[PDB]
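Chains as they are written, first to last, in the authors' numbering: chain M, 10 to 94; chain K, 10 to 687. Note that CB positions come from ideal geometry on N, CA and C, so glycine has one too. This report concerns only the one structure given below.
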Amino acid sequence: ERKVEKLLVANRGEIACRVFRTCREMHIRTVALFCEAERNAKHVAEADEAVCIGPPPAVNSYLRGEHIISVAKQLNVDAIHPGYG
Amino acid sequence: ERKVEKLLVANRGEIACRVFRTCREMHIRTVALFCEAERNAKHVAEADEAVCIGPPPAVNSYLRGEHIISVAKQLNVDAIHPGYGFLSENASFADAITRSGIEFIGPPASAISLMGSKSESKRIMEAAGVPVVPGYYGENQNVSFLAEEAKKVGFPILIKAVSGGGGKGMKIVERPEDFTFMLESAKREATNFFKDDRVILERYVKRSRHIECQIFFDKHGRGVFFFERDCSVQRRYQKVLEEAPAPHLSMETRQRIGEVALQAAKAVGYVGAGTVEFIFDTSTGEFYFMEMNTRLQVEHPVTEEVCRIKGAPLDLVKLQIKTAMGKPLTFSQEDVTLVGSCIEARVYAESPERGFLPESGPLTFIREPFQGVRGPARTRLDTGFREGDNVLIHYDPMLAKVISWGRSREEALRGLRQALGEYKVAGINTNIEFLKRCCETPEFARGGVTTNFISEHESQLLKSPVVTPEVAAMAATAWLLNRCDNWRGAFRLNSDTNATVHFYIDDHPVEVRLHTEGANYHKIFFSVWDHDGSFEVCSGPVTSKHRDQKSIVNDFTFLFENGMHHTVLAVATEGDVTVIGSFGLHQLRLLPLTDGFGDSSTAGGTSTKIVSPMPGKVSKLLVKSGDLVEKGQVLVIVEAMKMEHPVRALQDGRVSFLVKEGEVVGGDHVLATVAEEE
Numbered sequence: 010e011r012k013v014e015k016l017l018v019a020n021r022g023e024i025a026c027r028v029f030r031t032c033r034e035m036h037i038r039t040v041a042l043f044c045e046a047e048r049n050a051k052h053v054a055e056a057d058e059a060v061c062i063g064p065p066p067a068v069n070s071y072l073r074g075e076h077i078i079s080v081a082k083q084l085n086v087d088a089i090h091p092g093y094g
Numbered sequence: 010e011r012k013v014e015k016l017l018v019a020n021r022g023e024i025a026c027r028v029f030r031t032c033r034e035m036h037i038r039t040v041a042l043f044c045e046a047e048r049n050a051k052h053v054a055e056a057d058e059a060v061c062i063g064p065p066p067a068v069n070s071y072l073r074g075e076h077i078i079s080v081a082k083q084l085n086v087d088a089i090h091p092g093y094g095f096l097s098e099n100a101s102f103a104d105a106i107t108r109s110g111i112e113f114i115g116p117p118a119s120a121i122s123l124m125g126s127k128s129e130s131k132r133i134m135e136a137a138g139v140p141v142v143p144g145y146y147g148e149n150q151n152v153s154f155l156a157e158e159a160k161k162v163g164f165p166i167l168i169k170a171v172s173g174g175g176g177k178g179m180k181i182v183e184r185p186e187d188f189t190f191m192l193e194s195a196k197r198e199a200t201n202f203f204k205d206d207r208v209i210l211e212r213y214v215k216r217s218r219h220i221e222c223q224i225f226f227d228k229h230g231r232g233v234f235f236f237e238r239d240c241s242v243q244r245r246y247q248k249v250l251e252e253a254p255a256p257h258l259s260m261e262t263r264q265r266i267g268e269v270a271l272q273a274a275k276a277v278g279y280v281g282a283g284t285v286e287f288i289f290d291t292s293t294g295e296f297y298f299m300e301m302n303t304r305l306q307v308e309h310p311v312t313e314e315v316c317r318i319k320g321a322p323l324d325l326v327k328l329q330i331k332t333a334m335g336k337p338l339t340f341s342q343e344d345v346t347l348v349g350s351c352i353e354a355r356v357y358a359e360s361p362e363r364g365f366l367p368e369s370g371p372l373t374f375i376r377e378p379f380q381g382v383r384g385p386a387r388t389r390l391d392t393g394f395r396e397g398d399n400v401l402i403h404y405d406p407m408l409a410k411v412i413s414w415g416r417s418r419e420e421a422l423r424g425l426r427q428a429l430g431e432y433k434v435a436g437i438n439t440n441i442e443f444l445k446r447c448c449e450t451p452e453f454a455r456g457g458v459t460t461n462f463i464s465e466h467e468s469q470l471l472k473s474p475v476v477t478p479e480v481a482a483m484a485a486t487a488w489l490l491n492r493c494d495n496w497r498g499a500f501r502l503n504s505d506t507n508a509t510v511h512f513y514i515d516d517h518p519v520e521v522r523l524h525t526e527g528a529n530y531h532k533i534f535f536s537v538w539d540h541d542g543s544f545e546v547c548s549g550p551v552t553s554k555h556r557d558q559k560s561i562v563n564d565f566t567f568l569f570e571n572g573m574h575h576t577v578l579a580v581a582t583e584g585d586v587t588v589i590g591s592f593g594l595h596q597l598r599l600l601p602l603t604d605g606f607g608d609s610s611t612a613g614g615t616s617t618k619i620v621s622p623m624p625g626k627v628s629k630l631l632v633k634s635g636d637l638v639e640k641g642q643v644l645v646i647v648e649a650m651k652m653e654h655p656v657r658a659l660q661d662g663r664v665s666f667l668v669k670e671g672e673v674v675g676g677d678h679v680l681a682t683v684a685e686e687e
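Right, here's the structure in full:
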């Protein structure tokens with residue numbers, strides 16, 4: 010099998026905090042994602058590292074899947090949980 | 010039996026708080042002891058009463074056993090727990106306590122005295138019949154005697170010598186039926202290392218792994234051995250990390266380790282808690298006695314995580330008070346069962362890069378790892394220091410102990426990793442980075458590590474993360490802002506701002522330059538090691554206006570252009586900038602730039618120095634010729650009508666006298682030439 014030490018989250022909100030929490034028990038790293046501004050949000054204050062992705066409209070933010078994948082590759086991420094939406 | 014309501018502690022540190030805590034549950038009083046000052050320390054803030062004992066040196070403090078006993082008598086103390094160190098191993102102190110009538114906690118004085126000398130102790134165990142590997146048999150009376158007992162007393166051949174660690178007589182001769190090389194090796198050893206011609210033969214073990222079982226005894230003839238332990242990992246005879254469940258140890262053996270241990274303790278007679286230490290070779294498969302300690306160890310809470318009595322949590326110190334109570338036990342060796350695994354590590358206020366030399370300094374910020382249960386593991390931290398405390402050089406460097414109990418070894422080891430990572434201290438370099446390096450790359454997760462395990466992997470270890478050029482950016486920025494309004498309200502004309510910081514990383518100065526474009530304090534750039542980028546930075550509340558030695562501790566946020574974001578709690582001072590974050594901890598030394606700013610004189614000072622007026626009559630010159638004079642001492646004193654009028658020259662460099670005392674000299678004479686030391 011393949012070891013996992015880094016977890017990536019796509020969406021934002023309640024699911025971000027939920028995915029982040031249990032992660033602590035499994036003792037795994039965390040990564041957060043946020044749109045323009047949206048940096049005071051709680052989830053980013055819960056993760057280990059957060060990255061800004063771009064303009065507020067959903068077309069611009071959380072839909073550039075290729076850019077997300079390139080960023081994750083640069084971070085050498087182990088797993089991604091898209092969430093819902 | 011005798012009632013106890015007052016408890017006395019000898020030593021200071023983690024043991025003081027531990028002994029104090031359980032005491033609350035038994036509902037017993039407490040008393041604390043402290044050296045000169047040392048009154049803000051935590052333990053004294055935990056007891057009921059504290060007494061100052063005297064000067065910092067250990068001779069003056071915690072060693073005046075008679076004074077301690079007199080003070081305890083005046084307080085009508087019921088019991089004293091020495092702890093470990095100081096008077097932990099001193100039979101005279103225990104005998105004096107017994108004569109005073111106070112219930113000493115520990116073994117009787119006879120056992121301590123007997124075990125004080127190694128020869129008489131090994132004599133006692135040899136009489137008892139415990140397998141013991143001795144240090145010597147007779148002497149080298151005959152060279153044929155070596156062949157006689159080579160295959161007799163000890164088949165394994167340990168030639169060595171009478172003394173000295175050179176050991177070239179050994180030659181690692183593990184092959185029996187050796188008779189033409191052992192004598193030649195011994196005779197070549199005798200050359201240039203004659204010492205005494207007596208030679209001692211023993212068994213030679215290829216591998217060594219340390220074992221140490223725990224034991225407990227009442228005073229009514231009843232006891233029970235606790236679970237074994239492992240101390241394979243140690244550097245320079247200093248304990249580093251240990252495991253209560255010796256991985257890879259058969260149950261049957263565990264049982265037997267007990268029967269041997271109980272025989273030895275019964276033979277000498279024993280009361281209280283103690284530990285027997287063995288030495289073991291995997292190839293032989295047998296254990297041989299090395300030493301025992303008649304004192305509570307530091308590793309007591311570790312073995313606790315792997316033992317339960319009657320299904321209830323075990324408290325080792327509790328029983329020792331109950332043993333002092335005179336009550337008999339309640340459980341056989343059976344009621345105790347092991348459950349799961351645990352690992353321990355010690356953190357030392359030393360510098361791994363340096364010669365593991367202790368450092369003393371105030372404790373700026375101390376992160377506390379989550380000491381609660383979660384997942385399949387229990388993690389705890391015990392620290393004898395808190396925020397605002399300062400490390401004393403007289404004491405040993407010892408901050409805290411971290412233990413990860415678990416249902417399986419894996420869980421335990423994994424737990425620590427994360428915890429060891431989480432705990433953070435700022436102000437003094439620590440070996441915490443070393444311990445994590447000892448845990449990740451070395452494949453000791455298997456469980457087989459020898460006594461010398463640390464020695465071979467020294468190349469692999471002693472390694473720390475590389476300071477990326479970005480780390481300098483956040484570190485450099487914090488020092489400015491955490492000192493003043495740099496980049497705050499700044500303004501120039503038709504130009505842009507600039508401010509630079511110099512870091513003395515390693516032995517090479519480092520320069521970082523920061524500047525802004527636009528009307529934005531927010532938009533900031535950087536150029537370190539010919540690497541350029543942009544980021545924005547948003548600070549937090551301004552704190553510590555007094556900017557004392559602790560200086561300012563504030564959280565920072567940095568949004569670099571690429572897209573990342575970071576949070577950094579920076580306690581910055583003039584000496585260094587410390588940044589703690591997901592990268593880890595890094596302290597960057599600021600390039601020192603101090604050198605008697607003012608008194609920087611390279612003048613030759615050839616002639617016409619400390620010239621005296623006309624009357625002359627020099628006398629009583631108190632300076633040696635050719636000795637450095639930087640401070641303005643009285644080089645020459647001349648008297649003019651009772652006018653000493655000392656010249657008091659401050660020109661640096663050695664001063665050369667051309668005059669002698671009592672010699673009348675003319676006006677403005679060259680009494681001496683104050684020249685730079687060449």
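Simplified DSSP state of M/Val13, which is helix, strand or coil: M/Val13 falls in the coil class under three-state DSSP.
Beta-carbon contacts of M/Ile24 that lie in its chain and below 8 Å, excluding the five residues immediately before and after: Closer than 8 Å at Cβ, skipping near neighbours: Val18, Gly92, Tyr93.
Within-8 Å CB hit, M/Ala59 to chain K: At least one chain K Cβ lies under 8 Å of M/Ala59.
Sequence ranges, beta strand (DSSP E) only - wholly within the segment 376-452 of chain K, length at least 3: Whole beta strand (DSSP E) segments, 3+ residues: 386-392, 409-415.
Partner residues on chain M for K/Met573, Cβ-Cβ distance less than 9 Å: For a Cβ distance threshold of 9 Å, residue set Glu58, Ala59, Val60, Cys61 of chain M lies close to K/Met573, ordered along the chain.
Residue-level contact to chain K via CB, M/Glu34, 8 Å cutoff: By this cut-off, M/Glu34 is an interface position.
Where the segment 60-84 of chain M meets chain K: residues whose CB sits under 8 Å from a CB there: So the list reads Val60, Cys61, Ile62, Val80, given in the order they occur along the chain.
Closer than 8 Å to chain K by CB, M/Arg30: Not a single CB atom of chain K sits nearer than 8 Å to the CB of M/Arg30.
Segments of 4+ residues assigned as alpha helix (DSSP H) that fall wholly inside the segment 315-368 of chain K: Entirely contained in the segment 315-368 of chain K, the alpha helix (DSSP H) runs reaching 4 residues are, in chain order, 325-334.
Continuous alpha helix (DSSP H) stretch holding K/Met483: start and end: For K/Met483, the enclosing alpha helix (DSSP H) has its first and last residue at 478-490.
K/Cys493 classed as buried or exposed, judged by whether at least 16 other C-beta atoms fall within 10 angstroms: The residue in question, K/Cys493, is exposed, as its Cβ has fewer than 16 Cβ neighbours within 10 Å.
Sheet register partners of K/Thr682 (DSSP bridge): Answer is K/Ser665.
Inter-residue Cα distance where the pair is K/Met124 and K/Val141: Taking the straight line from one Cα to the other gives about 15 Å.
Beta-bridge partners of K/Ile220, as assigned by DSSP: Answer is K/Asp239, K/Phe287.
Burial state of K/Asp239, where buried means 16 or more other Cβ atoms lie within 10 Å: Flag for K/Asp239 reads buried.
For K/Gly232, the residue or residues it bridges with in DSSP: Answer is K/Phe226.
K/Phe203 vs K/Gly173 beta-carbon contact at 8 Å: Cβ distance not < 8 Å, so K/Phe203 and K/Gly173 don't count as in contact.
Bounding residues of the alpha helix (DSSP H) (the contiguous stretch that carries M/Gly74): M/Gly74 -> alpha helix (DSSP H) spans 74-83.
Residue of K/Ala421, K/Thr303, K/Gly676, K/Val586 minimising C-alpha distance to K/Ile352: Put simply, of K/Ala421, K/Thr303, K/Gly676, K/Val586 the residue whose alpha carbon is nearest the alpha carbon of K/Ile352 is K/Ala421.
For K/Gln596: DSSP bridge partner residues: Per DSSP, K/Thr587.
Residues that K/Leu42 bridges to, as DSSP identifies them: The secondary-structure analysis by DSSP pairs K/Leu42 across a beta bridge with K/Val60.
CB of K/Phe226 within 8 Å of CB of K/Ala274, strictly: Going by C-beta atoms, K/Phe226 is nearer than 8 Å to K/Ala274.
Span separating the alpha-carbon of K/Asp405 from that of K/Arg376: When the Cα atoms are used, K/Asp405 and K/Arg376 turn out to be separated by approximately 21 Å.
Nearest to K/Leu192 (by Cα), restricted to the options K/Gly163, K/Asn149, K/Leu602, K/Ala358: Selection K/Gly163, K/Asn149, K/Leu602, K/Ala358 evaluated against K/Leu192 yields K/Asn149 as nearest (Cα-Cα).
Cβ distance (whole Å) where K/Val647 is taken to contact K/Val627 below 8 Å: Sure, about 5 Å apart at Cβ, within 8 Å.
Bridge-paired residues (DSSP) for K/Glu211: Within the DSSP bridge table, the entry for K/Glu211 names K/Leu167 as partners.
CB-CB length for K/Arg304 against K/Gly115, believed under 8 Å: Yes, they are in contact, since the Cβ atoms of K/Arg304 and K/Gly115 sit about 7 Å apart, within 8 Å.
Length of the line joining the Cα atoms of K/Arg598 and K/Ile561: The straight-line gap from Cα to Cα measures roughly 17 Å.
Alpha-carbon spacing of M/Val28 relative to K/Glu14, whole angstroms: Spanning the alpha carbons of M/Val28 and K/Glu14 requires a straight line of approximately 52 Å.
Contact under 8 Å by Cβ, K/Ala59 with K/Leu84: No, they are not a contact pair.
Contact the segment 369-388 of chain K vs the segment 448-456 of chain K: 3+ CB pairs below 8 Å: No, they do not touch.
Beta-bridge pairing of K/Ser536 - partner residues as DSSP gives them: DSSP, once it has assigned bridges, lists K/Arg522, K/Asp541 as partnering K/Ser536.
Other residues of its chain near K/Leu72: CB distance less than 8 Å, five sequence neighbours each side excluded: Excluding residues within five positions, the ones whose Cβ falls inside 8 Å are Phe95, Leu96.
Near-chain M residues of the segment 407-421 of chain K (beta-carbon distance less than 9 Å), N- to C-terminal order: So nothing in the stretch comes that close.
Residue environment, K/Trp538, which counts as buried when at least 16 other CB atoms sit within 10 Å: Of the residues assessed, K/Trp538 falls on the exposed side of the cut-off, its CB having fewer than 16 other CB atoms within 10 angstroms.
DSSP-derived helix/strand/coil call for K/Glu47: Coil at K/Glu47, not helix or strand.
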